C-alpha cells in the first residue's frame, strides 16, 4: 500500500508532503506532522463534509487518492502518474488534484496534469512563477501569491516615508523569489532604493546583522525568512544591542506569531507583518484529536505518524493525543479544506448544468477544460467564513491583515491590527507604535 | 493486446502511425501500410540486426515496446504513459523512444519524456519548431528540419537571379510552418519579395493557378505540397495552358518522384526539387516481403494489415505479398532504422564507459540525461552508408540532392542531379535545362 484510496463516483487527487526530503540518495525522510499529516487529514475531513452535505453534490459521491509528495519534485511527478493510471488498461476517474505544498513540487506536477487537462488547486504554493496561466493554465491556488504580498509590503514601505529599504530572504524557494518580487515591485513603483539584499541560509547570524548595519541608513529590513530564521536574526540583533534601530517588515512566514518573539520582545517591538486573512476551522479541531489507531485506518500513514508524535513503537494506547502540552495545532488548514471545497463547488456547478440523476456520461469525459472554467468562476464562503475565489491567472485575491508588535502598555502587549490589504492599502498610523 | 512487446535487458520505445486519424469521435482510422506498418516493421528489422550484431551491444540485448500513434497527439500522449509504466508498482526499463511520425504528435510525446528525462529520436518530424533544445531538450531527429530545406531553397532562388518568388504550401503542419521558414529565411537574407502565399487545402486547383497568374511577374513558385497536391496543381496549370511559365521549386515531398509527373511531363519540365541524401536498405527489402501470417506473429497488427493489403478476410494464403504489381516499397525506411541505430550506438558507447559484464547498476538508473549526452555525440555510418549525426539542437545536419526534371534529349528524360546541399550550396547551371 503506497497511498490512501477512498472510492467514489468521482475521485479527487491528493499530494501532501507526508515525509520530509530525505538525505542524498534516500527519497523520503522523517514524517512531518503539521505540514504532512495535518494538511493530509484536513482533505479527508473536508471530503467527509462534502460527501455528507445534502445541498452539495447530493447524488455524486467524491472519492480520494491522496499520495506522498515526500517534499521532492521528481518524487511527486512519478507519484502523479497514478492520477492518469485510468488511461491505460476498479478504475479511478481522477477529476482534479489538490496541488502540492511547495511550489517547485507544484510546478513539476502542474506539468503532467497540464498535459492531461487535469485541473489542480494548490493550498500552499505561493511562488509568483505559477501565476503564468499560459505555462500553468490548469493550475490555480487557494492561497494568494507572494507578488500580492510584495506589493502590500511596498505599499506599507511607500506610505511610511521610506525610500531606503533592505531585504533579508531565507535561502530557498519561498525566500528568494518573493524578495525578487519586492525588488521588481520596488523598481516598477517609485524606486525605494534597496541598500543590501542579504540571503541567509548564530555566529553567521551575527555577521548578518554586521553586514546589515553596514548601511546604517537602511532603517527598514524587509524579511522573507523561515520560522526559526526570524528568531535567529532577532537574537543576533539584540546581541548587537540594536533595540529599536531596525525597522522589521515581515512576510506571511512571520505573521502574528509570538514563538519567534520569546525573549526577543524588545528588538522585535514595532515590527510590521502581513498575515493572510485566515481563521481556524472549528469543526476540524475536534476531528484530528479524535483519531485513534483502531478507528482511523483510513489514513495509511497514521501508524507511522503515531510512532513519531509520541516517540514510541512501546506504544499501547489510543487516548494518547492528549499529550500535546508541548505541541499544538497547525495553520493553513483553512486553505486545504477550502481548496477541496473549491473543487466540490465547481463539480456541483458542473453537474446541474450538464446532467439524468447523477454523474452523467455528458460530463463524464474527464475533460477538466470545462471544469477549469468552473473552478475559476467559483465564488463562495469558505471553511472559515472567508470568501474563496480566483482571478484570471488562477491566484486567489490577496486579502491580508497587517500587524505590528507592541510592548509599552499592558493594554497593548502583542500584535496589533495596524491595517488590512484587500487590494487597496489600509494602514493606521496613530495605532502604530515602535 | 494493445502493443508489440519484445523483451530485452533494455527496452526501446516505439510510436508509429499504424492507423490513420479516424473521423470525429473515432480515435483510430484505417491501417496505413507504407507509413505505419512499413516504418514499424523497419524498427523490428533494425533491432534484429543490433541484437544479432556481435560488435555492437555484445552482451546487452535490446527489447521493444512499439505503440500505435493512431496519427493523433492526445492518443500518442496517453500511449506514451507505458514508457513510464515501470515507475509505479515483468517490468520494462524503457531507455529511449523512437519518436513519432508527425511533429504535432512528436511534440506531444516530447513533453512527457522530457519530464521523465527519457531521450527520444524521431525519424520523420521535420517541423522547425522542434529544434528548440530548450523547450525540447531530450528530442532529437534523424531527419533534418525544414529550416535547412528552406535555406537551401532560398540559396537556389538567390543564385538564379530571382528576387520575386511565390509560395504554395499544403494546408497542414508540414506545409505551413515550412513555407514560413522560407518566408523568414527570405526576410533575413536578401529579401526576395514574396508576391503571394497561396495555402491549398480540381475546380479549386484551377482557381489556385488563376490566383497565381495574378502576379505574372512571380516566375518561380516555391512548393511545400502533399504528394497528390503537386499532381493536382500541375494538372491545373497544364489546363491553364501554362507550359514553361511557372518555375517550380519543390520541397522534399516532391523530390525525385515521377508519380506526380505522369502526363504532367511538359509543365513540370525543369522543376527544382530537394531530396534528402537517402538510399534504400538492401537487406530490409528481402525482409518485409518475407513476412507471412504464420511466421510473423511478432507484429501484433499484421493480421489487420494482411486483410487490408490484399483486401480480404476470404484470405487463405501466406505467399500473397507477391501481389504488389500495383504497390511498391516505402521511402524513409533508411531513417527509422538509422534512428534505432543512433540509439543502439549511444547505448553501446554508454556501456564500455560505465560498466562488469553487461547492463551494470552504475548505468541502470534510466537517466537518459547522460544517454542524451551520448545520442548527441553519436557519429557513425548509417543503414545506407549515409553518415548519422546531430547538431547541438539535436537536428541531423541537412545533406540534400537538388534535382531538376528534363525532357528534351532521350539522354535526359527524368530527374537530373543539379547539385547538392551539404550546408554550402552546390548548383550546376550548364546541367540545367527548362
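All of this is worked out from the model, or read from it or from the source named; these are not laboratory values. Cβ placement follows ideal geometry from the backbone for every residue including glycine, while neighbour counts extend to all protein chains displayed.
Specify the residue that is nearest to the other protein chains (Cβ to nearest Cβ); the eligible residues are those in the range A:36-63 that are within 21 Å of residue A:367 (Cβ to Cβ) and touching a helix residue (DSSP H, G or I) at 6+ places or on another chain (Cβ under 7 Å). Even if it seems obvious, please write down each step before you answer.
Looking only at the range A:36-63, we keep the residues that are within 21 Å of residue A:367 (Cβ to Cβ), and these are A:57, A:59-63.
Applying the additional criterion that residues be touching a helix residue (DSSP H, G or I) at 6+ places or on another chain (Cβ under 7 Å) yields A:57, A:60-62.
Working: A:57: 27, A:60: 25, A:61: 25, A:62: 23 Å.
Across the range A:36-63, the extreme among qualifying residues is A:62.
Out of the range B:46-56, which residues are out of contact with any strand residue (DSSP E or B) (no Cβ under 8 Å at 6 or more places or on another chain) and surrounded by fewer than 22 Cβ atoms within 10 Å (Cβ to Cβ)?
In the first step, residues of the range B:46-56 are kept if they are out of contact with any strand residue (DSSP E or B) (no Cβ under 8 Å at 6 or more places or on another chain); the result is B:46, B:48-49, B:52-56.
B:48, B:49, B:52, B:53, B:54, B:55, B:56 - these are the residues of the range B:46-56 that are out of contact with any strand residue (DSSP E or B) (no Cβ under 8 Å at 6 or more places or on another chain) and surrounded by fewer than 22 Cβ atoms within 10 Å (Cβ to Cβ).
Restricting the range B:85-101 to residues that are in contact with a helix residue (DSSP H, G or I) (Cβ under 6 Å, 6 or more places away or on another chain) and within 11 Å of chain A (Cβ to nearest Cβ), which is farthest from residue B:336 (Cα to Cα)?
Going through the qualifying residues, I end up with B:88.
Give, as residue ranges, the helices (runs of 4 or more DSSP H) completely inside the range B:102-199 that count at least 2 residues that are within 14 Å of chain A (Cβ to nearest Cβ) and surrounded by 17 or more Cβ atoms within 10 Å (Cβ to Cβ). Break it down stepwise before answering.
Details: elements: B:103-109, B:112-115, B:146-159, B:173-188.
Hits in the range B:102-199: B:103-109, B:112-115.
Here's a check for you: in the range A:401-432, which residue that is in contact with a helix residue (DSSP H, G or I) (Cβ under 6 Å, 6 or more places away or on another chain) and surrounded by 20 or more Cβ atoms within 10 Å (Cβ to Cβ) is farthest from residue A:158 (Cα to Cα)?
Here the answer is A:405.
What are the residues in the range A:65-79 that are at the interface with chain B (Cβ under 10 Å from one of its Cβ atoms) and either in contact with a strand residue (DSSP E or B) (Cβ under 7 Å, 6 or more places away or on another chain) or farther than 14 Å from residue A:111 by Cβ (or both), if any?
Matches in the range A:65-79: A:79 only.
State all residues of the range A:1-34 that are surrounded by 20 or more Cβ atoms within 10 Å (Cβ to Cβ) and out of contact with any strand residue (DSSP E or B) (no Cβ under 7 Å at 6 or more places or on another chain); if no residue qualifies, say none.
Once the filter is applied, which keeps residues that are surrounded by 20 or more Cβ atoms within 10 Å (Cβ to Cβ) and out of contact with any strand residue (DSSP E or B) (no Cβ under 7 Å at 6 or more places or on another chain), the range A:1-34 yields only A:17.
When you go through A:113, A:87, A:130 one by one, which is the residue that is under 18 Å from residue B:84 (Cβ atoms), within 21 Å of the chain's Cα centre (by Cα) and not assigned by CATH to the domain that holds residue A:426? First the steps, then the outcome.
Working: A:87 fails: within 21 Å of the chain's Cα centre (by Cα); A:130 fails: under 18 Å from residue B:84 (Cβ atoms).
Answer to the check: A:113.
Give the residue, chosen from A:384, A:366, that is surrounded by fewer than 20 Cβ atoms within 10 Å (Cβ to Cβ) and on the phi > 0 side of the Ramachandran plot. Walk me through how you get there before you give the answer.
Details: A:384 fails: on the phi > 0 side of the Ramachandran plot.
Only one candidate passes the filter, namely A:366.
Does the range B:335-347 include one or more residues that are over 30 Å from residue B:257 (Cα atoms) and in a loop (DSSP other than H, G, I, E, B)? Lay out the reasoning, then the answer.
As a first pass, look at the range B:335-347 and keep what is over 30 Å from residue B:257 (Cα atoms): B:343-347.
When the remaining residues are screened for being in a loop (DSSP other than H, G, I, E, B), the result is none.
No: the range B:335-347 contains no residue that is over 30 Å from residue B:257 (Cα atoms) and in a loop (DSSP other than H, G, I, E, B).
Working only within the range B:348-382, note down all residues that are closer than 15 Å to residue B:51 by Cα and part of a loop (DSSP other than H, G, I, E, B).
B:358, B:359
Could you check the range B:240-316 for helices (runs of 4 or more DSSP H) lying wholly inside it with 2 or more residues that are closer than 30 Å to residue B:395 by Cβ and in contact with a helix residue (DSSP H, G or I) (Cβ under 8 Å, 6 or more places away or on another chain)?
Once the helices (runs of 4 or more DSSP H) in the range B:240-316 are filtered for at least 2 residues that are closer than 30 Å to residue B:395 by Cβ and in contact with a helix residue (DSSP H, G or I) (Cβ under 8 Å, 6 or more places away or on another chain), what remains is B:282-288.
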